[PDB]
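Shown next, in structure tokens, is the structure this report addresses.
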Amino acid sequence: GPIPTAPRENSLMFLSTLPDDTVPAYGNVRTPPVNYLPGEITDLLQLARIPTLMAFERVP
Amino acid sequence: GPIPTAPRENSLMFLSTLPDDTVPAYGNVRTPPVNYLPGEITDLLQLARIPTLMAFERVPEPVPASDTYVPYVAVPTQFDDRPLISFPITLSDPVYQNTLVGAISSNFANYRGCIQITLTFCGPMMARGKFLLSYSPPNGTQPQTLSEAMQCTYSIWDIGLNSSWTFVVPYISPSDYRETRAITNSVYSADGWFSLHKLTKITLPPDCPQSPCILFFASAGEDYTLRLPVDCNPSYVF
Amino acid sequence: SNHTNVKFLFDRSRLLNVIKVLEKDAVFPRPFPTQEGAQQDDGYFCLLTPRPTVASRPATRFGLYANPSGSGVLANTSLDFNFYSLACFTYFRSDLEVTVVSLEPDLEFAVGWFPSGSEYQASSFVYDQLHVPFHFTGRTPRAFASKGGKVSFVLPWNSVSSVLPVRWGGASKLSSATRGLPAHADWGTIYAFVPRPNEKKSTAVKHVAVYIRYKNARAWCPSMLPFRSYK
Amino acid sequence: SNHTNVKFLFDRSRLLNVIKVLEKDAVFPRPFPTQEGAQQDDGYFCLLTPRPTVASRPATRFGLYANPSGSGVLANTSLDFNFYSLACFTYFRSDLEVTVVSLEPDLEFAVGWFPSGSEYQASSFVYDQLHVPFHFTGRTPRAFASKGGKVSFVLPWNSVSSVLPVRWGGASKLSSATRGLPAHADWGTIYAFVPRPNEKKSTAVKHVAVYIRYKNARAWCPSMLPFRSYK
Amino acid sequence: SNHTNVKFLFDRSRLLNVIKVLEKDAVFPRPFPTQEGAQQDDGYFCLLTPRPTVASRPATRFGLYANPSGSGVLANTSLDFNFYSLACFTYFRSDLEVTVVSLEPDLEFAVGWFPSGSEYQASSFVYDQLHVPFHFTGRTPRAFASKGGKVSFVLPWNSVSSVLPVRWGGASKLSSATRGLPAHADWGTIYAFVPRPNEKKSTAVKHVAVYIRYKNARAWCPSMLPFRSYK
Amino acid sequence: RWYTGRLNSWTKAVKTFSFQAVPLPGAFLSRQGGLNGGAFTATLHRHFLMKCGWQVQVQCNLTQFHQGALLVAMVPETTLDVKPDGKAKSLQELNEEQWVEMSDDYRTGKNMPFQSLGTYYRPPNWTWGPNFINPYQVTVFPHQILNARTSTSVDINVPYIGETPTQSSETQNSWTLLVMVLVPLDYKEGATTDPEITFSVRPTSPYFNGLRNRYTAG
Ligand SMILES: [Ca+2]
Ligand SMILES: [Ca+2]
């Protein structure tokens, strides 16, 4: 283990956009199937193209 | 993870020449194509060889602007056994300074190779003449006499037709490079002098303007090489 | 070596300038002209390009306070002397490496960022009698001092513009068309703040500077470089 | 980039809220309504979901103490403004990344946790004239400060419920059936405490906050988003 | 072992000498002879070769201040006793490993460098009423103390000269031709400074030393070694 | 098709580092020196973007018994139009002065537009600018020379340039021309006196875009 390595000027610091993850908590985790639910939605552009209402003033 | 490793006396320190990079910010990055733009330029040596203007003084110019350190010289009616122009072989002089090569070297440590020396004239075309040129390597005296110049590395330029001519220095150096900075006129950098003599006097027909002008250039040769760029000075901001 | 390789040449860091340490949500300086009584928080919004700049906003000319006294507030600017004296070319594009440099010894601090042309708005909220400037969390990353720390990072090209003009001759706007001002040619602004609530605002004064490095650049066409006065 | 990928979009951390530092075994706040004289330890049991909440217990409406004075005790709540303003969908499920954020500089602390709906009971025992709150050890993990430290961790989905409803319209109970309250839609509660005995309880006051990040989520069906007053 | 392998033999570090800690942009000592009133900053420009030297400039003879008092300023020199007593050869070339050694405990410092024969010029600029010596950034690297730190590094052969003469018999210049002075036979000079503005100049006094190691050398021809007085 | 205009006389009062400059396409916009483009010039206003190259010529009268020199060179992204007043030049200023001479203000670029401080800020001391002109360095640009011993006219071509593939027809000002006296005019008295100058232009591969009415007024 103990070996020469590369430090950083900001090791372990926190920036809002940290790209990687950390230690997990536990194993033995199980989750139920969502298959019974309709249509998981993935992207905004999927829905953004639905015609939306505008908000023009009502003339005085 | 936790394992014995090798520390350093200066881990994470900052030196101006740190060689590697650090953590990135984000993915999903996209950039536009530069293909529509002309000719990305890669290296200084590509451009350094373009002939640049020199900055020879204007012989006591009396204008209130005073000096005009300018690439051209005027034609004298008389001549003497001493060059029209002479100067040490040194990169620090103003004629060197504001050239491409001079501006580059101003931020470099040492120089190597050779440079192109280009020559020019501006008088009426009805003129015929010749000029002598002599590079003077280091010696015990700055050349004056035409005969001395003939002993030096020398050549003669025909002004008969061509009002321009070119020359390239020879690279002679006991060291791989030579000190770019003019710390002192010493064996490390200084390499003698140049000389310029007019071979024969004026020959013109009537109505031609008198005492015409002579122009000159300079730029890097193919063999030129510099070493170890150096930092700049901002005092010109004043 | 082949030092003359431009891509290799400029890939080193250098100082940008100093800024004051923050201790609360701040009033961004107003657009010019600015009049006395319009109190605003100058000297913390760190612009992110060595172009001529003034009061967290770009600049075209270069003027400085050669005199120590006068009326009004002293602005601040930024110039990269080395690169700008070596910049004998016309267009440019690259990425940007940067690292934190604290001036006060023994400092605890937090920093943030937002990109080029990204407008600023923080405000604050009271967590149990303690204001929490919204910027403590938000759209952009943050980093912190290990009781002092060399926080480092890099950012890419971001502007809608294809490239960066080294020096410019267009016009900025359809009205008040400022020549020599290409607006969208930087990376945004950062800000360093104490990890304390506004109530914890202290009498002590602190300052921080930064170093910046060019990454994987591209250059085009010639350009002039300064002359030197012969005296 | 393909930012519009929701799974990628929300995987970043943000503040939840502050809580007070613990120095002994604590009385969990009683179920509502609560009357004066029923003294209880509010403001340490950190609930673990950005839903509207009150006094370590969920909430349906949003009300806040816009006024600085009044009768009674001030509760605390929690809202994730960014995600809740961006949450134009109906059902949800994901994991949760979280990290510690101490407010007091130079702090030594210990923290613990228990899952969603997990009831609390600590009590304390005297180790040689020194009380030892049972929670110092127990069913759940713990982590500690290196005289300050960025403790980080993640937790999975835990509820018997298949998914998390983004906004809800059912009824909570067979009696006192609170509409809009899906109870089993969080991860539990944590608690930060000094590694000292109850006898070492100090006069000094300390506080700590936390940041939370969404991990590997899944979303379903549309949903509305807030309107803006035009003034 | 095969200790007699010269290449292996000398690859170890040893002290060069001490220098004073810097706190501002400095006046480089003037060329000799130097007269009183020409005030200059002696004792910070650390020359980088164990040759005989004086006042940040080389030297040919060896003279030292065996007496504690007198008129004028005390210069400083540098000799590598081990290598110079073991140097029974004529020409040399190698690389150079070096590491920082702070004399003051608990020090915060910054250091810089420039190569052999590299002229010095820093000046300073006022960052908000605070001078910033230009050298804080520039052409050459820098390194910093972790509240104390063993900064280490290496440099290559740099001189235009093909090799290093162990002892010399030429002439230095065309005028004032100093025999025994090969000028271009070192690596330059370094300088250690506090990371504070000139205004922060302090009354306290600090000092730092350095150790130097030979790397991958090459040697030629015999040479004598000192005799010993028999008493 | 070609387009052409006129320029002042090279006079003995002119000196080295004395010059005048022309902007592209600003010359058409101002009908500079009698210049006229006509159909495409009007089209400019009816199209919100454009992209084209160029092709030019220049002329001036010389004689064998003259000596002196002149230089011609295109330079991009300059702010030469900007005066110390902070605005581009109208048809009167250059038509009157007729020859600019180098000064520190343009050796530095200090004349570039600036902002009004307001009472809030201290006044700065203006000392530097990036749009300086270092005449000794201009030889880098491809260029052509017009001298008594050489010629009376010149020809050059240049491509399109800009931070985007195309730019607004009204604002795109990437290219600028300058003409400078290399050596002062002189001739044995009585010869051709102070010759006048003229210039010709052609765009290359022009392409209009952003079709709309003529320039919704200002
Ligand atoms: Ca390590
Ligand atoms: Ca290790």
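In the structure tokens, chains take letters A, B, ... by order of appearance, with residues numbered from 1 within each chain and ligands from 1 in the order shown.
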
Could you list, with a cut-off of 12 Å and counting only C-alpha atoms, the residues of chain E near chain A, each shown with its nearest atom pair and the distance in Å rounded to one decimal, rows sorted by chain and ascending number, as a Markdown table?
| residue | atom | partner | partner_atom | distance |
| --- | --- | --- | --- | --- |
| E:143 | CA | A:9 | CA | 11.9 |
| E:144 | CA | A:9 | CA | 10.9 |
| E:145 | CA | A:9 | CA | 11.8 |
| E:146 | CA | A:9 | CA | 10.2 |

Go ahead and dump the residues you just picked, N, CA and C atoms, as a PDB file, in the first residue's frame.
ATOM      1  N   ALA E 143       7.245  26.526  -6.931  1.00  0.00           N
ATOM      2  CA  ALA E 143       6.772  25.511  -6.001  1.00  0.00           C
ATOM      3  C   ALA E 143       6.601  26.167  -4.640  1.00  0.00           C
ATOM      4  N   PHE E 144       5.836  25.503  -3.777  1.00  0.00           N
ATOM      5  CA  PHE E 144       5.331  26.135  -2.569  1.00  0.00           C
ATOM      6  C   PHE E 144       5.392  25.167  -1.400  1.00  0.00           C
ATOM      7  N   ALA E 145       5.360  25.739  -0.200  1.00  0.00           N
ATOM      8  CA  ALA E 145       5.486  24.955   1.019  1.00  0.00           C
ATOM      9  C   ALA E 145       4.114  24.562   1.546  1.00  0.00           C
ATOM     10  N   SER E 146       3.983  23.305   1.961  1.00  0.00           N
ATOM     11  CA  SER E 146       2.803  22.856   2.697  1.00  0.00           C
ATOM     12  C   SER E 146       2.882  23.240   4.166  1.00  0.00           C
TER      13      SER E 146
END

Neighbours of residue C:86 within 9 Å (only C-alpha atoms; same-chain residues fewer than 6 positions away dropped), as number ranges by chain? B: 103-104, 107, 232; C: 225

Serialized selection, N, CA and C atoms, as a PDB file, in the first residue's frame:
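Result saved to out.pdb:
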ATOM      1  N   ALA B 103      11.838  40.107 -32.317  1.00  0.00           N
ATOM      2  CA  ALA B 103      10.713  39.999 -31.399  1.00  0.00           C
ATOM      3  C   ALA B 103      10.649  38.607 -30.793  1.00  0.00           C
ATOM      4  N   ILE B 104      10.849  37.579 -31.618  1.00  0.00           N
ATOM      5  CA  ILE B 104      10.872  36.217 -31.097  1.00  0.00           C
ATOM      6  C   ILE B 104      11.971  36.077 -30.054  1.00  0.00           C
ATOM      7  N   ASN B 107      12.172  36.883 -26.307  1.00  0.00           N
ATOM      8  CA  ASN B 107      11.653  35.936 -25.335  1.00  0.00           C
ATOM      9  C   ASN B 107      12.270  34.561 -25.548  1.00  0.00           C
ATOM     10  N   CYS B 232       8.660  37.907 -20.565  1.00  0.00           N
ATOM     11  CA  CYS B 232       8.660  39.200 -21.234  1.00  0.00           C
ATOM     12  C   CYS B 232       8.762  40.343 -20.226  1.00  0.00           C
TER      13      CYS B 232
ATOM     14  N   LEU C 225       2.780  43.016 -33.022  1.00  0.00           N
ATOM     15  CA  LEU C 225       3.194  42.983 -31.629  1.00  0.00           C
ATOM     16  C   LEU C 225       3.797  44.328 -31.257  1.00  0.00           C
TER      17      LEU C 225
END

Extract the full set of strand (DSSP E or B) residues from stretch 49-206 of chain D according to DSSP on the backbone, and format it as a ChimeraX atom specification. /D:53-54,57-58,89-102,110-114,124-126,131-133,142-144,152-155,164-165,171,179,189-193

Could you please extract the residues within 7 Å of ligand 1, counting only C-alpha atoms and all ligand atoms, and hand them back as a PyMOL selection string? (chain A and resi 3-7) or (chain B and resi 5-7)

For those residues, write N, CA, C and O atoms to a file as a PDB file, in the first residue's frame.
ATOM      1  N   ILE A   3       3.078   3.829  -0.828  1.00  0.00           N
ATOM      2  CA  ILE A   3       3.886   4.004  -2.034  1.00  0.00           C
ATOM      3  C   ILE A   3       3.819   5.467  -2.446  1.00  0.00           C
ATOM      4  O   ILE A   3       2.830   6.159  -2.173  1.00  0.00           O
ATOM      5  N   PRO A   4       4.875   5.977  -3.080  1.00  0.00           N
ATOM      6  CA  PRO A   4       4.805   7.339  -3.625  1.00  0.00           C
ATOM      7  C   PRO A   4       3.649   7.492  -4.604  1.00  0.00           C
ATOM      8  O   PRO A   4       3.419   6.636  -5.460  1.00  0.00           O
ATOM      9  N   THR A   5       2.930   8.609  -4.487  1.00  0.00           N
ATOM     10  CA  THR A   5       1.724   8.829  -5.273  1.00  0.00           C
ATOM     11  C   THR A   5       1.631  10.298  -5.664  1.00  0.00           C
ATOM     12  O   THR A   5       2.525  11.099  -5.383  1.00  0.00           O
ATOM     13  N   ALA A   6       0.520  10.640  -6.320  1.00  0.00           N
ATOM     14  CA  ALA A   6       0.290  11.998  -6.795  1.00  0.00           C
ATOM     15  C   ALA A   6      -0.796  12.669  -5.963  1.00  0.00           C
ATOM     16  O   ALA A   6      -1.952  12.229  -6.012  1.00  0.00           O
ATOM     17  N   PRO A   7      -0.487  13.714  -5.201  1.00  0.00           N
ATOM     18  CA  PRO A   7      -1.539  14.480  -4.528  1.00  0.00           C
ATOM     19  C   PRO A   7      -2.157  15.511  -5.464  1.00  0.00           C
ATOM     20  O   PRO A   7      -1.760  15.666  -6.620  1.00  0.00           O
TER      21      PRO A   7
ATOM     22  N   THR B   5       2.351   3.700   0.214  1.00  0.00           N
ATOM     23  CA  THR B   5       2.649   4.407  -1.024  1.00  0.00           C
ATOM     24  C   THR B   5       3.883   5.278  -0.831  1.00  0.00           C
ATOM     25  O   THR B   5       4.521   5.270   0.224  1.00  0.00           O
ATOM     26  N   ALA B   6       4.207   6.041  -1.877  1.00  0.00           N
ATOM     27  CA  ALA B   6       5.378   6.907  -1.869  1.00  0.00           C
ATOM     28  C   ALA B   6       4.951   8.367  -1.788  1.00  0.00           C
ATOM     29  O   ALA B   6       4.325   8.866  -2.733  1.00  0.00           O
ATOM     30  N   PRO B   7       5.256   9.081  -0.709  1.00  0.00           N
ATOM     31  CA  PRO B   7       5.010  10.525  -0.678  1.00  0.00           C
ATOM     32  C   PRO B   7       6.143  11.294  -1.348  1.00  0.00           C
ATOM     33  O   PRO B   7       7.135  10.728  -1.807  1.00  0.00           O
TER      34      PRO B   7
END

Just the residues within 7 Å of stretch 112-115 of chain D, please, counting only C-alpha atoms, with nothing from its chain fewer than 5 positions along; format it as a list in words. residues 140, 141, 142, 187, 188, 189, 190, 191 and 192 of chain D

Spatial neighbours of residue E:101, 9 Å, only C-alpha atoms, chain gap at least 3 places, as a PDB file with N, CA, C and O atoms, in the first residue's frame:
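Contents of the output file result.pdb:
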ATOM      1  N   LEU E  15      24.458  19.544   0.774  1.00  0.00           N
ATOM      2  CA  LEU E  15      24.131  20.948   0.969  1.00  0.00           C
ATOM      3  C   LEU E  15      24.902  21.829  -0.003  1.00  0.00           C
ATOM      4  O   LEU E  15      26.062  21.558  -0.325  1.00  0.00           O
ATOM      5  N   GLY E 149       7.787  22.061   3.473  1.00  0.00           N
ATOM      6  CA  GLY E 149       7.701  21.048   2.440  1.00  0.00           C
ATOM      7  C   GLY E 149       9.026  20.765   1.762  1.00  0.00           C
ATOM      8  O   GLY E 149       9.842  21.671   1.567  1.00  0.00           O
ATOM      9  N   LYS E 150       9.250  19.502   1.400  1.00  0.00           N
ATOM     10  CA  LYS E 150      10.488  19.083   0.743  1.00  0.00           C
ATOM     11  C   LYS E 150      10.326  19.131  -0.779  1.00  0.00           C
ATOM     12  O   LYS E 150      10.157  18.120  -1.458  1.00  0.00           O
ATOM     13  N   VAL E 151      10.378  20.351  -1.315  1.00  0.00           N
ATOM     14  CA  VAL E 151      10.263  20.527  -2.755  1.00  0.00           C
ATOM     15  C   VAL E 151      11.514  19.982  -3.427  1.00  0.00           C
ATOM     16  O   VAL E 151      12.642  20.316  -3.045  1.00  0.00           O
ATOM     17  N   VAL E 208      16.928  29.820   4.523  1.00  0.00           N
ATOM     18  CA  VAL E 208      16.651  28.544   3.876  1.00  0.00           C
ATOM     19  C   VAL E 208      17.932  28.043   3.224  1.00  0.00           C
ATOM     20  O   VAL E 208      18.750  28.827   2.738  1.00  0.00           O
ATOM     21  N   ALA E 209      18.096  26.721   3.210  1.00  0.00           N
ATOM     22  CA  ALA E 209      19.243  26.079   2.585  1.00  0.00           C
ATOM     23  C   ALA E 209      18.738  25.041   1.592  1.00  0.00           C
ATOM     24  O   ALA E 209      17.531  24.841   1.430  1.00  0.00           O
ATOM     25  N   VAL E 210      19.674  24.369   0.921  1.00  0.00           N
ATOM     26  CA  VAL E 210      19.343  23.476  -0.182  1.00  0.00           C
ATOM     27  C   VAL E 210      20.384  22.372  -0.267  1.00  0.00           C
ATOM     28  O   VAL E 210      21.545  22.556   0.104  1.00  0.00           O
ATOM     29  N   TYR E 211      19.954  21.217  -0.770  1.00  0.00           N
ATOM     30  CA  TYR E 211      20.829  20.084  -1.025  1.00  0.00           C
ATOM     31  C   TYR E 211      20.802  19.741  -2.507  1.00  0.00           C
ATOM     32  O   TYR E 211      19.770  19.869  -3.170  1.00  0.00           O
TER      33      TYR E 211
END

Pairwise distance for atom CA of residue B:158 and atom CA of residue B:128, rounded to one decimal in Å: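 Here the two named atoms are 8.6 Å from each other.
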
Please report as a list in words which residues of chain B come no farther than 8 Å from chain E, using only C-alpha atoms.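 The answer, sorted by residue number, is residues 8, 9, 10, 11, 13, 14, 15, 16, 17, 18, 109, 174, 175, 176, 177, 178, 181, 183, 186, 187, 229, 230, 231 and 232 of chain B.
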
Measuring atom to atom with only C-alpha atoms, identify which of C:166, C:73, C:26, C:185 is nearest to chain E.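 Using only C-alpha atoms, the shortest distance to chain E belongs to C:73.
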
Of C:17, C:34, C:69, C:1, the one sitting nearest chain F when using only C-alpha atoms is C:34
